[PDB]
Structures are given as C-alpha cells and as structure tokens.
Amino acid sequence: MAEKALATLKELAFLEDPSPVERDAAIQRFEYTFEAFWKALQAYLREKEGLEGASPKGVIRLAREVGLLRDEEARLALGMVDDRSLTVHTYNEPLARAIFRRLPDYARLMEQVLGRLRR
C-alpha cells in the first residue's frame, strides 16, 4: 500500500496554509502511509537481507545498518515514529500544526526510500 497511500498524503502534505480539516486529514493519511511504509521496509529487510525487525524503530535501525537509510534519513525516520505516537493527541492546534510542519520531509523521505526498494 506504501506508494499509493503516499500519493494521497502528498496531496495535502505540501499545502502552504491548510484549513483545520485538511490538516487533520493530512495527519490521518500520514498515519496509514507510515504503517504501510515500515511494513514494506520490514518485508524487504526480511526477504532481501534476511534481517528481522519487529517494531518500526527496530526496522529503521536495520534499514540504517544495511544502508537503505543514510544516518540522517534514519534519524528523520525515528522522528517519524515518535510523531506517529503523537497523532492521537492532535486535538491541540499546536501539536497538530507542529506535526503538519514535518509532513513535507516525511513524504519525501518515504517516497525516496520506497524507490530504492525496487529490488
């Protein structure tokens, strides 16, 4: 689901001044895009590297050691996992706006990583 889910996210993640509706929607899409994203990395690491990761953070650490993620990408990824744990408290405009400000980078990172995963 990665790529296609990533497409719906990009529709809103690059909005300069989103309304509260668009913003909440961008957060929801980030959620399901994230889940599809770490799952694709997990399966890839399993099938192509023989490395097994159980959680989003563990998979990112293995993706880093194998080279799928440069150290900087890795850290941005780990930040993505933490923001994922905060989406359920985005009733607060501050948080919500703060998460939305990071979506641009997350969208690009995921798009670029998925690309390399083409085998």
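Position 1 is the first residue in the sequence shown; the rest follow in order.
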Average Cα temperature factor in the PDB entry - higher stretch of 84-92, 39-47: 84-92
Looking only at CA atoms, which has the higher mean B factor in the entry: 26-34 or 65-73? 65-73
Residue 99 - Cα temperature factor, lowest/middle/highest third of chain: middle
Here the Cα B-factor of residue 109, set against its chain, lands in the third termed highest
